[PDB]
Amino acid sequence: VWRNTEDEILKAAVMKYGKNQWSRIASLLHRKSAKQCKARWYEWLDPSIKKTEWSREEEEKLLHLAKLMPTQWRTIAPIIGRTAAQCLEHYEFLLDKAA
Amino acid sequence: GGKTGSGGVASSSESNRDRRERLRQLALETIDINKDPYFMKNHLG
Amino acid sequence: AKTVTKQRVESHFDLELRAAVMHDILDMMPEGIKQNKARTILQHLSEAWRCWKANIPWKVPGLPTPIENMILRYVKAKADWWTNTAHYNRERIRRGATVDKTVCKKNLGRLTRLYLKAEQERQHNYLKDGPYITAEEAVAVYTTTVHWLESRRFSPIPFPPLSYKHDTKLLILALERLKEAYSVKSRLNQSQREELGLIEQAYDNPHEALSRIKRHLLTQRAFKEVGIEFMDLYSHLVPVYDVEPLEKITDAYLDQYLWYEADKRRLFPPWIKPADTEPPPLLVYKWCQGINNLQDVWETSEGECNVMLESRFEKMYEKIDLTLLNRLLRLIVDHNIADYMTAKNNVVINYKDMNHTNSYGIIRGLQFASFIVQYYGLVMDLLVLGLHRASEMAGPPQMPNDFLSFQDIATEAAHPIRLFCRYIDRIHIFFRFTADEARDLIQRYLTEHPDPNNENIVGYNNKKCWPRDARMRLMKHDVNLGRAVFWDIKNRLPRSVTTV
Amino acid sequence: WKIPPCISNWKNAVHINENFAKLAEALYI
Amino acid sequence: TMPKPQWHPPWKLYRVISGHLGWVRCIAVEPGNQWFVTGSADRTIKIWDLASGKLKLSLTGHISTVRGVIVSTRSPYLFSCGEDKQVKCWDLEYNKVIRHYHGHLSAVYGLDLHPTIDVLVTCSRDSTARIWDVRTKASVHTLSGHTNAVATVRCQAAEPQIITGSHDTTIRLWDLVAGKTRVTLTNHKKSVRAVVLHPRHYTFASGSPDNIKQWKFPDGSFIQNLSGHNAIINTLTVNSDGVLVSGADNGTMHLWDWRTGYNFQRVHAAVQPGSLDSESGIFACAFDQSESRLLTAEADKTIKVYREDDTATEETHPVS
Amino acid sequence: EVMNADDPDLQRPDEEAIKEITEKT
Amino acid sequence: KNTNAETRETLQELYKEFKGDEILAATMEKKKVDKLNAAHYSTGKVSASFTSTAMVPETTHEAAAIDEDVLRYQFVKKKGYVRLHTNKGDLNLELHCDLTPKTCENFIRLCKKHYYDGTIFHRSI
Amino acid sequence: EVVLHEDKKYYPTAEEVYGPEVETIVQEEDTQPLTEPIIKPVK
Amino acid sequence: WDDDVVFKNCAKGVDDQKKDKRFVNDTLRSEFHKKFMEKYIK
Ligand SMILES: [Mg+2]
């Protein structure tokens, strides 16, 4: 997995190099590739991603969408503004709290 | 394609030593960029 | 005064583009009075070109409209030059004129970028102009499939149990497949070595693998991005997909399992044909003597006619719809596997700096793509044939027929379609018409495509490889029966599902 | 007539039709 | 201020032709007035029929943008000049290049033919212009004196025989035989990219983003300013009857009265379907030999053919 | 001037002179 | 198509019970710019839709909408005059609201709110 | 009412951007094979 | 026969769709590009 220490070194690298030079950023870290550095930045570390709690507008959206386009989370996600992994876990969450 | 007169490619020990040096200059940079009063390097690096 | 030759062509184009840009705006639209920061306006020109190439919306927040009119004009000029050069070199490469090793590579790169621009647009257009399968078409397809499966008494493949007998056999087959790729073991690299390690350790401890696999099939619904690149066959390009190795293992296992169970319950009727029983040349042999064994197939005394039609489906893998596909799959599998497959098709696709999400078509580089394509293809063979003829060809579920056989001469002769074979997406049908059936067809066709000046003969294609004694002769009735048969087969397919 | 400075993306040196609803619901029914 | 201008009918679009695949940068009509020729940035040279706008033929010799074409009245020859630094002489009886003039050091920007002698003049971006004898592939003279890309060159039989306008804002009148400047005109404030000669009035005009100007031969003395077209002006073109067309690079064209400097019409056309309003522009103009219709060659890959309005009157379209 | 001041003043040089210049050149 | 029973009955129940949708309706305004607020640059729609295929093609430039309070500020060019009635008497106030429009606006607007009545000068050296 | 992708017309049509009066010719590939001279020689 | 077939004529007024005669001044949305792409990519 990723540790606070890698994460902060990534944040600093990206903030110096920019978001298209993943190969030198991957050279800066040990046990990390450019594929993985990129995935981490665009999944969790990007300050555009929001980690708050769901407005119930957002949750009525999530439910309506996840019924209209079933199993299509990378397509659902941008229509509501969080990553596909967050949408998906929180959706299962509402489902089991409702079950 | 290559070029003549070159030495080889660095072994793991030299590559890792250069990685550590690069990671050090990085952090000195960002520490300045945040104008951090509170950080110091002691005599053991 | 050296010339501009073949090696200086691109450098010269830019030397001149940026000389012209400087002249034009940066001293005919000035009042940058001190310096018109021309060296920065040219940096905007360079970034506009990189953003075009990568398909990224370029937007500079506060930048005068005269300067943006300039930049846009000159980037559209460069775009036109770049694309026309791509067209031209592709024609030379296809026919055989270049043997330059840099031009083949520059052309593959250019066509890869041009294709991903077009495909990004196809996906956005899908989400905006809605699904193209209406609602009545989707419901008729769904209901017809349900009727088929229910009459064949098919029983759905259940999700693979943990205490399952064969799981290890299917896992060892999956891994031997994955290992064949690296049969050679060259320099390969870090990613290929990662994959070799994962296969090797799933060999060392098979039950931990199986556990992880069935976990993925149960929980995982958002995956990593796949990469794409093209294989250059010089006449057309083939896309090649790059899936992460943990998912590759799960997909190989599921691939094997689905095919094992589907063939054990006989999901696929005998006309769906890359079959394991015969190689393709023995297929050709069996077709030829199937034709020869129909009843009175050669007699033309009383005005009969035999037509053999063969075509393709023209965009099947690209128009498969993932919602209708989810539901047609649940008819067949357990809903956990159905959702895994469908959520596996919807990923991010990446080439150097172009990334887009696949929401419409199907990724063919997934290991279970064979199964999905052949299943969808079966739905469409039911559309083309009809449930009644398809069931006469497939025979009763207790005693099926085999490739080209009927249970009786009566049920063989009770229809114009006598033989049917579908190779992955190529379609070969053999029709045998009576005089009155051929007559009704040609009427119902000329009625609705009136041809007064006898133009039906012009478009036809006969084979230019046989002698003149041996190709087709274009007699009005023959060419009209050809086009009538084709115009009839092409109306059985919703245009939004596939075409011909 | 002033030009932004060029900060780069490379250089250091959603619509949805409303027939998606109709289709999904028709399939549920 | 002066006498009142003569009445000049208006002009109206009547044809649009689209077959080029890059900006159409030059246009020229045949002396017998049955066809015209465009050269474009897709590197072809196209011969079109002037009556029906049909594509007669298309010639692909060049390596980069074709930036000047001219057709020869005293031969079946066509001279082309492009950004690959090369000037070609096409022979219209074979449709093949037959000669190639070597020597320039950057893009050639445009070319002219002497009306009596067998010489050719080309201007370029190395800030020089050159005289070529038609048959001998080597410049008999290299007129130098400009300090920046020479944008235009025109040549006449009387004196001076060569007028070049360049990007250092200057105009230079040259003597051909001595190959030297007789006059420098420096009233212009920004680059000069168009100059034109009145066919029978020993006068000539020079266009610039400030204003068109009018000057008198053979000394080049200022006559009168023509102001209002606030745009990079790429073409000036004059009619037997004192109509002067100024076509600019933001796509707009203005028709004026040559004599009194009166702007009597403004056309503002519409780009082709697939194009952005940022790509409207006019790169060349040309009247035909009848001087009945006026052809425009645009930055949206079209040729636009204008005609004159018969249904107008002074009372319908009065003169300000 | 800004006018049609003297039309023969503006008129072009004539065939004889331009042909002498043509042959000399 | 009335292909069979389940299709006919499905489509009946669908067309009856179905009314239009809301969220994707929302997903699938632009304030029109007048001669006063037309800035010197543009929105970016044409540039973006030109260098990207995944937008709808717009081929005509639109001026942006310059501003607001700032657009006010380049009109607010004359002074503000205020008398503060304090315990010590009248305080006469001239404000170059031309060169300090932000602060002058702020003071003036809380003064007009009368947010300042009763405020005492806490300090004096 | 749905337009399969391959149809999908943006870009209003030439007739409607110009008018009924102006005539719009679209000339791609030509007549006159190259061997046929424009200017014809004397004999 | 022809009973058990689901879709009747799907092509009634399909009468030739004049884009094959339009000229769009946009390099990636022209008919030439669409045919080129569809012929050469797979
Ligand atoms: Mg070398």
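This deposition appears in the PDB under the title "The cryo-EM structure of human Bact-I complex".

Under the annotation held in the PDB entry, chain A carries the name Cell division cycle 5-like protein and is attributed to Homo sapiens.

Student: Please set out a negative patch on the surface residue by residue, giving values where relevant.
Tutor: A surface patch of like charges, here negative, comprises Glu150 of chain C together with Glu6, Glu9, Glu13 and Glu17 of chain G. Per-element tally for the negative patch: the top contributor is helix 1 (residues 5-17) of chain G, with four residues. The exposure class assigned to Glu17 of chain G is exposed, which follows from its relative accessible area of 67%.

Student: Any details on the domain arrangement of chain A? Residues and values, ideally.
Tutor: All names here are of chain A. Each assigned domain of chain A is listed here: domain 1 (1-49) and domain 2 (50-99). Computed over C-alpha atoms only, the centres of domain 1 and domain 2 are separated by 26 Å. Domain 1 puts four residues into the contact, and the matching count from domain 2 is four residues. Both sides together, the interface formed by domain 1 and domain 2 hides about 380 Å², and carbon and sulfur atoms give 53% of it. Along the contact surface separating domain 1 from domain 2 lie zero salt bridges. Here domain 1 is connected to domain 2 by two residue pairs in polar contact.

Student: Please set out the nonpolar core residue by residue, giving values where relevant.
Tutor: In this structure, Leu267, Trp271, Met341, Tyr375, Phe431 and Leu481 of chain C are the most contacted members of the largest nonpolar core, which totals 153 residues. Non-local contacts of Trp271 of chain C, meaning those with residues more than four positions away in its chain, are made with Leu378, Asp381, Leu385, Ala390, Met393, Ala394, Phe403, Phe420, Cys421 and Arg422 of chain C. By size, the runner-up hydrophobic cluster in this structure holds 25 residues, among which are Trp73, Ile76 and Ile79 of chain A together with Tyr132 of chain C.

Student: How would you sum up the pattern of salt bridges? Please name residues and give values.
Tutor: All chains considered together, the criterion is met by 53 salt bridges over all chains. Residues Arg122 of chain C and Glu119 of chain C are paired through a salt bridge, measuring 2.9 Å at the closest nitrogen-oxygen approach. Pair noted here: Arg122 of chain C and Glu119 of chain C are both in helix 4 (residues 101-128), with a separation of three residues, about one helical turn. Comparing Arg122 of chain C with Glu119 of chain C shows no difference in burial state: the two are buried. Its salt-bridge partner being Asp300 of chain E, residue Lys304 of chain E comes within 3.8 Å of it at the nearest N-O pair. Like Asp300 of chain E, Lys304 of chain E is buried.

Student: How would you summarise the arrangement of the chains if you had to cite specific residues and measurements?
Tutor: A minimum C-alpha distance of 25 Å separates chain A and chain I, which share no contact. The closest approach of any C-alpha atom in chain F to one in chain I is 45 Å; the two make no contact.

Student: Lay out the interface of chain C and chain A in plain terms, naming residues and giving numbers.
Tutor: Each side of the interface is counted separately: chain C has 22 residues, and chain A has 14 residues. When chain C packs against chain A, close to 1400 Å² is buried across both sides, 49% of that on carbon and sulfur atoms. A salt bridge links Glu244 of chain C to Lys35 of chain A; the shortest N-O distance between them is 3.3 Å. The interface formed by chain C and chain A holds four residue pairs in polar contact in total. Looking at the side of chain C that touches chain A, the elements with two or more residues in it are helix 11 (322-330), helix 12 (335-344), strand 4 (348-351) and strand 5 (354-357) of chain C. Of the residues in the side of chain C that touches chain A, the class split is seven nonpolar, eight polar and seven charged.

Student: Can you explain a positive patch on the surface? Please cite residues and give values.
Tutor: A cluster of basic residues, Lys9 of chain H together with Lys18, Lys21 and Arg22 of chain I, forms a positive patch on the protein surface. Taking relative accessible area as the criterion, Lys9 of chain H reaches 43% and is therefore assigned partly exposed.

About the cut-offs
Residues numbered from 1 in each chain as written, not as in the entry; some residues may be left out. Chains lettered and ligands numbered in written order. Part of a larger assembly, values for the part shown. Heavy atoms only, no water. Residues with missing side-chain atoms left out of burial classes, pairs and counts. Patch = residues over 30% accessible without salt bridge, like charges linked within 9 Å, V, L, I, M, F, W, Y side chains within 5 Å. Areas by Shrake-Rupley, 256 points an atom, 1.4 Å probe, with all protein chains shown as cover. Salt bridge = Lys/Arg side-chain N within 4 Å of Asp/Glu carboxyl O. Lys, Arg positive; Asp, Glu negative; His and termini not counted. Charge placed at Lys NZ, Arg CZ, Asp CG, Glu CD. Helix = DSSP H or I, 4+ residues; strand = E, 2+ residues; numbered from the N terminus. Buried < 20%, exposed > 50% of the residue type's maximum accessible area, 1.4 Å probe, protein only. Domains from an automatic or database assignment. Contact = heavy atoms within 4.5 Å. Buried area = accessible area lost by both parts, 1.4 Å probe. Polar contact = N/O pair within 3.5 Å; in protein donor to acceptor, adjacent residues only side chain to side chain. Core = buried A, V, L, I, M, F, W, Y, C linked by side-chain atoms within 4.5 Å. Nonpolar A, V, L, I, M, F, W, Y, C, P; charged D, E, K, R; others polar.

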